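Protein chains in written order, with the entry's author numbering: chain V, 6 to 172, 198 to 273; chain L, 131 to 135, 162 to 390; chain U, 109 to 337; chain W, 208 to 258; chain C, 112 to 155.
Below is one structure; the comments refer to it alone.
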């Protein structure tokens, strides 16, 4: 029941005193201390990535870049740098790899693909990759976002009430929020890319039909450091499927 | 004025302390004490400018002040000069916007070749004067002038582009507005006209043309078009 | 003084919210009011502008699946008016989204049921095909032409990594970034990507999209067990 | 009567769409716990802070 | 104009009679018909 008890006793049994406490609320403080600096770390990482992007002669906002289609150069460079960042974050060690890599833009629906907006052709003689600029532009059409929101909480007196009592390019945040989109997208691509680069093609018959059990292969594969699944309860209604 | 960032240190108030130095040199530094009444500031500046206008060569001001309030005081001077002109000699007195203009012209020179970063604006002014009449139309420099002054312009003070320039020259039967040739002494544009009849500038036609253009160019974004319109003359 | 005259602002804004929901799928809301739907309708009727859209929608009232015949010029004016009413910045709203919205109401009216409906009819019947194909076939047919396409750049692809070192600059940035409840916020972007999963296609769209999509997050359990061996 | 009936009628939520409840704990004592030894490996940074 | 006065009045009359008399929920009736009802009222 964890109703910790405690005693003091003088030499020669001259006196004995008792008191008691509980480990409760200590756990709450521990949880707060964890989540705080964890969020801090993640935010810091994001900031670093954005600052790295900032070097790249941003005569324009991001949105403009993809809203244009005439260029490919800037897009390719952005994609590449994203891949690099992910790889390094998995490998705390500088890398340059197979020094021949190229991109092609799937500029039309007839070249489009379900789901995965990115496709590595691992070696058609050499690696190539695909980019759906039209879709990417759809995603960045954004305006889904407004921060004025509300969020799940429960049992606050026990669970949360304690949490009640603690505390030029001068661009705004919404754009940065948007970056997370491509962060996640390139991550999801990196999964498949890494897998196939480490293994055969045929497992694409599974993974690309359904990624699914690929985590089983990833067992013992992850470097003992997590990526970008903090709010682990990502889910939607399911039983409604009415198959 | 001139600003470099040799110099004569001129006390910012006492007139005759530097008498005859203001005859001899042309490179005058100025100051002020913190307490100074703005009225006194104006007064001293006026006196200095009068004596300079008596002087035989254009000496150079330099002033060690934050100067935003000095631009305010310049606006005051503008009021003052108008007050005088209510009874005045109608002098062709030189005056300038001192910050917005300033930086703009600096950028202009920078984008051009800069044989003299110290070159006076009036230089460029007259240079365009050389060519205005032959093209009978208004230079963008002069248009941005009377545009980006706080007050004597399109005037962000009150958002008043309505101050369109009607420009006339000797013996003309016609004038040059902000917006093309106009007949003389009339309100800039007839309400009636050979109107921009919608059988041209039909949205549909514009759209079709735009589609054509975008297709051909392979351009995804950044294209907009507008039909031209006409005032008194075509 | 008419019954129409009461709150054009209310009608406009509410209708715009509903429409922006159904079309862009923007944001979570308790987006519902039957009376406001009716207000939307009458707000259409009160302008000759948008009369076309009204008529279109009215065609839906008999629920039948058919897609109306295009008449090109009027459809163009349609697009025009739609973008105008959405006040969106030239955001290239398109016939596909138009049709999806159209079908939205012919989905909604099907229900005479009033209590509530969790139902999320994510699919649309009417997508201009005889029958949905598999995905695999599409994968084949696309990849075929895909391999044809030539490279579009040359990555020099030698030894290159970018970085910058202005620690003070970076921390200034951090402090600029500090306030935002990113935790709360980024859910919106996640949902955006989700909706994009279906926006991807309107052509024999993948029927199943569910369990694997959840296994994505079950990767989190995989990771936690990896961390705990 | 049918006034009140209409009042009861017109509250009728419709056509909702996917939403998500990502908020909750991830971890607890049912997770690896920090060790004073590795915290020594951390704090040894003070043997470079020095000064 | 677009409005089928005939069918509008028909459905409105039927629905109103039914629903006003019964004072209760009825799964039969597509809400569309309610919409037509208010449309008819605003026209008439």
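Even for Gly, the Cβ is constructed at its ideal location relative to N, Cα and C.
query                                                                                                                                     : result
Inter-stretch contact (C-beta, 8 Å, three-pair minimum) for the segment 219-230 of chain U and the segment 131-147 of chain C             : yes
Stretch-stretch touch, CB-based, cutoff 8 Å, three pairs: the segment 336-350 of chain L with the segment 366-383 of chain L              : no
Endpoints, the alpha helix (DSSP H) within which residue 131 (chain C) is located                                                         : 116-133
Which listed residue (U:199, U:206, U:153 and U:128) has its alpha carbon closest to that of residue 69 (chain V)                         : U:199
Min CB distance residue 240 (chain W) to chain U below 8 Å                                                                                : no
Neighbourhood of residue 277 (chain L) by C-beta, 6 Å cutoff - its chain only, sequence neighbours within 5 removed                       : 261
From V:213, V:250, V:166 and V:267, residue whose alpha carbon lies closest to that of residue 88 (chain V)                               : V:213
Coarse secondary structure for residue 223 (chain V), derived from DSSP in three states                                                   : helix
Same chain, Cβ closer than 8 Å to residue 80 (chain C), neighbours up to 5 away in sequence not counted                                   : Coverage of chain C is limited to positions 112 through 155, which leaves residue 80 (chain C) absent and any answer about it impossible.
Coil, strand or helix - residue 373 (chain L) by DSSP                                                                                     : helix
Classification of residue 245 (chain V) by the beta-carbon crowding that lies within 10 angstroms, buried from 16 upward                  : buried
Proximity of residue 237 (chain V) and residue 233 (chain W) at Cβ, strictly below 8 Å                                                    : no
Contact residues within the segment 289-311 of chain U, judged by C-beta distance below 9 Å to chain V                                    : 289, 290, 291, 292, 293, 294, 295, 296, 297, 298, 299, 300, 301, 302, 303, 304, 305, 307, 308, 309 and 311
Residue-chain proximity (residue 132 (chain C), chain U), Cβ-Cβ < 8 Å                                                                     : no
Cut-off 6 Å between Cβ atoms - residues of its own chain near residue 309 (chain L), not counting five sequence neighbours on either side : 302 and 303
Buried versus exposed, by CB contacts within 10 Å (16 or more), residue 252 (chain U)                                                     : exposed
Separation of residue 298 (chain L) from residue 243 (chain L), as counted between CA atoms                                               : 29 Å
Residue closest to residue 24 (chain V), alpha-carbon to alpha-carbon, out of V:32, V:12, V:18 and V:31                                   : V:12
Short CB-CB distance (under 8 Å) between residue 48 (chain V) and chain L                                                                 : no
Boundaries (first-last residue) of the alpha helix (DSSP H) holding residue 139 (chain V)                                                 : 138-145
Residue 134 (chain V), DSSP secondary structure in three states                                                                           : strand
Residue 208 (chain W) versus residue 133 (chain C): straight-line alpha-carbon distance, rounded                                          : 10 Å
Under 8 Å between C-beta atoms of residue 331 (chain U) and residue 36 (chain V)                                                          : no
Nearest-angstrom Cα separation, counted from residue 147 (chain V) out to residue 138 (chain V)                                           : 15 Å
For residue 249 (chain U), the first and last residue of its enclosing beta strand (DSSP E)                                               : Counting along the chain, residue 249 (chain U) falls outside any beta strand (DSSP E), though it belongs to the alpha helix (DSSP H) covering 243-256.
Beta carbon of residue 102 (chain U) nearer than 8 Å to that of residue 120 (chain U)                                                     : Lying outside 109 to 337, the shown extent of chain U, residue 102 (chain U) is not represented and no answer is given.
Span of the alpha helix (DSSP H), counted from its first residue to its last, around residue 126 (chain V)                                : From DSSP, residue 126 (chain V) is part of no alpha helix (DSSP H) but of the beta strand (DSSP E) over 123-126.
Neighbour flag for residue 268 (chain U) against chain V, beta carbons, 8 Å                                                               : yes
Distance CB(residue 113 (chain C))-CB(residue 166 (chain U)) smaller than 8 Å                                                             : yes
Residue of U:236, U:185, U:262 and U:274 minimising C-alpha distance to residue 364 (chain L)                                             : U:185
Candidates L:383, L:295, L:220 and L:360: closest to residue 134 (chain L) by CA position                                                 : L:220
Uninterrupted beta strand (DSSP E) stretches inside the segment 212-268 of chain L (no shorter than 3 residues)                           : 216-219
Sufficient close CB pairs (3 or more, under 8 Å) joining the segment 270-284 of chain L to the segment 312-332 of chain L                 : no
Inter-stretch contact (C-beta, 8 Å, three-pair minimum) for the segment 112-131 of chain V and the segment 270-281 of chain U             : no
Residue 384 (chain L) versus residue 190 (chain U): straight-line alpha-carbon distance, rounded                                          : 27 Å
Chain-ordered neighbours of residue 374 (chain L) on chain V, where CB pairs are closer than 9 Å                                          : 74 and 75
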